[PDB]
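# pasting the first chains of the complex, positions unchanged:
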Amino acid sequence: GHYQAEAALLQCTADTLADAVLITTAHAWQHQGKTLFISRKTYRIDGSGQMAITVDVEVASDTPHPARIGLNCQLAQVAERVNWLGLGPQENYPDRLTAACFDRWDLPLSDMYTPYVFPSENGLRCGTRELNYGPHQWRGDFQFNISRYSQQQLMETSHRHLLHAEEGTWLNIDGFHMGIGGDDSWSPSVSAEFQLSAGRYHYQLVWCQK
């Protein structure tokens, strides 16, 4: 039920601090009475307009390890360039990133999308400490992909030529991402060390206007 899972709000509070506002949330993703994941976050907005997001996720040990653990949203903005400090410049995943180098990369949005004939998750960049797009800037230690195609459209389209740029820009920022595998393509091939099986994950982001 990973693709059907519905977010159930368990808690949502707000507090005023001597120099910032604190939002606290807790969600439970379930499927037919089974709690798959539990996400606990805290958003801290300070006088500098920087939003600090802290995420702590629990994954039921008996549910298949998730493909990723992150956040996503559709940005209204559509910029021409994508600038980031991390592994690149080309697409790289946890179990396929040795060739990637850490540095400051800047590419046109279209290059952040890999035109695989058969559409699927693509364009991820790992070990990123800073990401810049339009007026936005995200800081931390995450993996990410950014394009005009939602994960949903990608999994519903059989050929790349049938894809259509959606409104705005879809951003997927992951604290963790499963390996892609490949020893063969007809049986599970993602090595254990690249499966998200820790049970509990933590990552934090800082969103602000570049």
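Received, thanks. Numbers count the residues shown, from 1 in each chain, chains lettered A, B, ... in the order given.
# so which residues of chain A form helices?
A:151-156 (DSSP state H).
# quick one: the strands in it, in order.
For chain A, applying DSSP state E gives strands covering A:6-17, A:20-31, A:34-46, A:51-59, A:68-75, A:81-88, A:101-108, A:125-133, A:136-147, A:169-177, A:200-209.
# stretch A:199-210: which residues count as buried?
Neighbour counts over stretch A:199-210 (16 or more other C-beta atoms under 10 Å) mark A:201, A:203-205, A:207-208 as buried. For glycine as for every other residue, the C-beta is placed from the backbone atoms N, C-alpha and C.
# what's the closest of those residues to residue A:61?
Nearest to residue A:61 among the buried residues of stretch A:199-210 is residue A:201, at 13.0 Å by C-beta to C-beta.
# what sits against that closest one?
Counting by C-beta atoms under 8 Å, 6 or more residues apart in numbering, residue A:201 touches A:55-57, A:59, A:69, A:175-176.
# count of neighbours near the residue nearest to residue A:17 when sequence neighbours are not counted?
Nearest-residue entry for residue A:17: residue A:44, 7.7 Å, with adjacent residues in sequence omitted and distances by C-beta to C-beta, 6 or more residues apart in numbering. Around residue A:44 there are 19 other residues, counting by other C-beta atoms under 10 Å.
# repeat for residue A:73
11.
# isn't it up against residue A:171?
Yes. Between residue A:73 and residue A:171 there is a contact under C-beta atoms under 8 Å: 5.9 Å.
# give the bridge partners for residue A:30, please.
Here residue A:30 sits in beta bridges with residue A:6, residue A:35, as judged by DSSP bridges.
# list the contacts of it.
Here residue A:30 is in contact with A:1, A:5-6, A:8, A:36 (C-beta under 8 Å, 6+ apart).
# for the residues you listed, which one is nearest residue A:84?
Proximity of these to residue A:84 (C-beta to C-beta) peaks at residue A:5, which lies at 29.6 Å.
# ok, the closest one touching residue A:31?
Yes. Proximity of residue A:5 to residue A:31 meets the contact threshold set by C-beta under 8 Å, at 5.2 Å.
# how far away is residue A:33 from residue A:1?
According to C-beta to C-beta, to the nearest Å, residue A:33 and residue A:1 sit 10 Å apart.
# oh, that last question was meant for residue A:62, not what I typed.
Residue A:62 is 13 Å from residue A:1, by C-beta to C-beta.
# of these two, who's got more company?
For residue A:62 versus residue A:1, neighbours defined as other C-beta under 10 Å are more numerous around residue A:1 (12 against 7).
# so what's that one up against?
Residues near residue A:1 by C-beta under 8 Å, 6+ apart: A:30-32, A:34, A:36.
# just send those residues back as JSON lines, with distance to residue A:122 too.
Shown next, in JSON lines, are the contacts of residue A:1 (distance: C-beta to C-beta, whole Å):
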{"residue": "A:30", "distance to residue A:122": "29"}
{"residue": "A:31", "distance to residue A:122": "26"}
{"residue": "A:32", "distance to residue A:122": "31"}
{"residue": "A:34", "distance to residue A:122": "30"}
{"residue": "A:36", "distance to residue A:122": "25"}
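# sequence for chain B below, add it please:
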Amino acid sequence: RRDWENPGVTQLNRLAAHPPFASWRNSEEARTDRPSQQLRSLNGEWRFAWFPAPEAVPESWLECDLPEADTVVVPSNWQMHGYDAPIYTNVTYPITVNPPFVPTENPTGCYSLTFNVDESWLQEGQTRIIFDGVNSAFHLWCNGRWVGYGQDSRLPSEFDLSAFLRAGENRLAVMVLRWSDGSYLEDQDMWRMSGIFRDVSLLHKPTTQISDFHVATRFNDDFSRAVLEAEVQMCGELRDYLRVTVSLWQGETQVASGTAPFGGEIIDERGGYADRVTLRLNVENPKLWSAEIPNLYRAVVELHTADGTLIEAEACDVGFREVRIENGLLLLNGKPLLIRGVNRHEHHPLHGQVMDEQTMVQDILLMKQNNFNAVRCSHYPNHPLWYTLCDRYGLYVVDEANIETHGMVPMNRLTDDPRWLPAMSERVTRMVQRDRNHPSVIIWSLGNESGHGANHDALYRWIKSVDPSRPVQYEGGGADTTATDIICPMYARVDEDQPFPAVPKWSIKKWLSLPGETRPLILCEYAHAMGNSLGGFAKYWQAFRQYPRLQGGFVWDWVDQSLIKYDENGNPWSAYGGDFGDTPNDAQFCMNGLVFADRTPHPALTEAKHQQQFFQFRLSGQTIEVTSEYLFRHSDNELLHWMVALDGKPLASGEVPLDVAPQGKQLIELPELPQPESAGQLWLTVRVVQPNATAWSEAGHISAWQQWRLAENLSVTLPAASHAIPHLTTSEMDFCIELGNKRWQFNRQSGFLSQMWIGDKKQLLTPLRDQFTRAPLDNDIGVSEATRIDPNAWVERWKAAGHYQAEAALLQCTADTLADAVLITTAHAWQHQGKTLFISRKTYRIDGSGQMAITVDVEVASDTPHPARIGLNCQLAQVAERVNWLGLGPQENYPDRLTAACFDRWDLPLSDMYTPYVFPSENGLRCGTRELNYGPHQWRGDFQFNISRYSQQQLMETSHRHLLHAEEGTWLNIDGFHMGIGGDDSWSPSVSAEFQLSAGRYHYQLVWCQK
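Chain B goes in next, on the same frame as the chains above:
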């Protein structure tokens, strides 16, 4: 003549070696192995006098007792009696290296015994004396007359006293030298002692006697038939009336028998051996011997006349088994062995190197009880009783020649020298001549750490020639030389190569497939169990099971070589190198056992038992698949107990009989397990139980176990809101929170929770602070010393980086009032000489229910050596009797040594949460803990922890456990993360990468409250 400084003279008038003799004069007593009237023990009280050198011994000593002498028990090592100090040195020889010379000041032990001898023994036959062990050389006199000389401290020296004895009173004079040229071949890493440390006895044999006998067993392809071949040799006068009968017995049933006059087959142009005969007995469907089922037969050898009159009889236990290497695999009775072995020195904390039956039996029982099936005689032939016990209890044995020249430079300086071949050959040949009839001995070893020399190749071939029934191995010179049938490295790692020049230690998986290599690989030594060790043990066994040609190894080692000393108050304590004034010495390095000197188990023993299990398990749905790793026996004394529990709370359980053929499988379908109401993790635990007692274990013995996480129900129910609200109070130096009868105090100058109150009672003796270090384990220290630092050792890297000196610098300490709680935020920076090592950011959240949630986020500079741990610590004021926790246990377990630990609810007395390693260090940790209870306290989360009356500081400042003193209150170390302990060896970094804290950023959270 100074025979003790000449490798050319290793003995004088010594009789030829041979298998154990008893010279029974009654075939029935021989069959039953009862005592013999012809074999007397001379053990007991002897007269002893110590001298600084042989030239100091008075001539009168040869004639009569020295009044100054004392009466002491024999066998014994005179160091254990206090006459001089035992020396613990590893590689470096205890004497100046100047072969074949030894110090002029050579400690000399003068033993003497006045004893009676019956006239009957002198009226006929031959009376000989047997010294099973004299360390390291000695001269013998009987009634004032010189008899002989002998060397090699680990094999029996026999002399004919027929012409020296008188009817009645007799006196033996034995001058034992501590050092001799023989010492150059006895540089084993152990305490250097001396004296008559093994049994002494008198054996009476007829003039016409059985002088030697060899037993062999050959089989057909399916082992349904065997031929026992017994070669018997005699001495004395040969006559046609002489006969030899070899009978084979199974209990009181005679299964086979053969008789023949003397006279072997023609062997060359000059004929054959008139003084020998070979009997061949056919045995149908023989019961085979193995460590799994030690089936034994009794072979009785009778020297008699044609008319049936007995002259004398000898005998031995026979184990029908075949040992051979085929297609790169070591096979026993046609099946590939998986060696679950351990190296075992002959050591006793009180008696030194003197062995006794009780201790031997104790070791064997503990070994088999912990799933070991093999032992290596490191590094010399053992006390004769040892092989008899291994034959009967069932253990595979590697018999090793007493040859080790580790301190030479290069290591093969003597072993490659033809002038030392004579001395070396005697140590190999006399061992084979003595133990070749023991079924438990399956492999011969040429010795230990003596490099690789031409002498090794010569002796390797000699054995292959005289005894083709057993493979020969030797590790020296690279572990895969031309002198070994088995690739037998010591401390070669599983996946990591150690490309040393000339003698590299390749990853064992890689070693097997080197161009042209085809031999099986069995480590003669691996998993150095020194102190808190055995980290990574499971990695070896996963490899052993996956690779056919990786057939196991022998752990190093069985028991700590610690010695007992007494304090001013007469209280005993465990001592090691240097504690006897012995210098130079190698301190703690004599303690590398899985068990303490008194045979009390170290935590690591359980990890070994688990990884060495004979049953493997797999879970699929409701089905448990059991696979047997036994090669010969069926599981006819095994029962499977299963149990399902929710966070320590048992929900269901049952038992299913095990019926698995060797190498077979059995499927066990578990009944419908009910879904638990409460949230939490369901755990399945299975264990194999032996309903019936055995010769080595008690009824109910647990031989194997395994755990699996089943269904888990994440808690989505929010805690009932408390109407109470914590109240914050402020002052220049503190932030205090109050809720009911509970108070929390945060020092604003340090930024740490400095004190807590429950009913106005202090809870802390020391503030709650971050900790990134640990009292160094033996593996963290390696060979580093105060006067000889090893910059590569983990402890030295931590010290050099300032991890132990680092001071916490407060970067931020704020306080905020929330709607229903109080939030404290802190940030610290640990620095050393301007270098920021770590940064700790925390938040403490105290709610209306009195719970304190601590969130910690640590940054570790990528260029500082990875920290030993990442957690918090404090000294609690409370001192409770019990420690209750939901996590891995019950015994001490670390990240790289926790497979044996089980998840459940454990409750132990505080003292059991501390491991008494002779050399103090970090200890008692328990990982994967979700809840910890102590006194009124309760901590929840997912952490590792240790709790005791000893601070990490005291532990790293104390050299011996007996010098530790319980501090005030209780020290608690709660870690979000802890580094592995390692152990592949203890002289170089051995913690595998996956167990090093190198992520750079860590996060963990705790909840502290009152139970």
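# quick recheck of the contacts of residue A:30 now chain B is there?
Residue A:30 is in contact with A:1, A:5-6, A:8, A:36, B:716, counting by C-beta atoms under 8 Å, 6 or more residues apart in numbering or on different chains.
# contacts only, for residue A:143.
A:70, A:93-94, A:124-128, A:173-177.
# ok, 10 Å please
A:68, A:70, A:86-87, A:92-94, A:97, A:124-128, A:172-177, A:203 (C-beta atoms under 10 Å, 6 or more residues apart in numbering or on different chains).
# swap in residue A:65?
Here residue A:65 is in contact with A:59, A:178, A:190, A:192, A:194-199 (criterion: C-beta under 10 Å, 6+ apart).
# try residue A:145
With contact taken as C-beta under 10 Å, 6+ apart, residue A:145 is in contact with A:70, A:72, A:91, A:112-114, A:121-125, A:151, A:170-174, A:177.
# report the buried members of those.
Taking 16 or more other C-beta atoms under 10 Å in any protein chain shown as the criterion, what is buried in those is A:70, A:91, A:112-114, A:121-125, A:151, A:170-174, A:177.
# report the two of the contacts of residue A:65 separated the most.
A:190 and A:199 (17.3 Å).
# filter the contacts of residue A:145 by proximity to chain B?
Near chain B, taking C-beta under 10 Å from any C-beta of the partner chain as the test, no member of the contacts of residue A:145 is found.
# any buried residues in stretch A:14-31, and which?
Quick answer for stretch A:14-31 (16+ other C-beta under 10 Å): A:15, A:17, A:20, A:22, A:24-30.
# same check, this time on stretch A:46-53
A:51-53.
# how far does it stretch from one end to the other?
Criterion C-alpha to C-alpha, to the nearest Å; first-to-last residue distance in stretch A:46-53 is 12 Å.
# can you list contacts of it?
A:17, A:19-23, A:41-45, A:71, A:137-140, A:173, A:203-209.
# 6 Å instead, please
Outside of stretch A:46-53, the residues within contact range by C-beta atoms under 6 Å, 6 or more residues apart in numbering or on different chains are A:19-20, A:43-45, A:205-208.
# return the residues of chain A in contact with chain B.
Neighbours of chain B within chain A, by C-beta under 6 Å from any C-beta of the partner chain: A:10, A:15, A:17-18, A:28, A:35, A:38, A:58, A:60-62, A:202.
# farthest pair within those?
The span of the residues of chain A next to chain B, defined through C-beta to C-beta, is set by A:18 and A:62 at 43.3 Å.
# residue A:119 touches residue A:154, doesn't it?
Yes. Contact criterion C-beta atoms under 6 Å: residue A:119 and residue A:154 qualify, at 4.7 Å.
# which residues does residue A:125 contact?
By C-beta under 6 Å, 6+ apart, the contact set of residue A:125 is A:86-88, A:144.
# sorry, that was for residue A:138
Residues in contact with residue A:138 (C-beta under 6 Å, 6+ apart) are A:131, A:205, A:207.
# which one is it nearest to, not counting chain neighbours?
residue A:131 (4.5 Å; C-beta to C-beta, 6 or more residues apart in numbering or on different chains).
# could you measure from the one you found over to chain B?
Using C-beta to the nearest C-beta, to the nearest Å, residue A:131 is found at 18 Å from chain B.
# repeat that for residue A:185.
Going from residue A:185 to chain B by C-beta to the nearest C-beta gives 25 Å.
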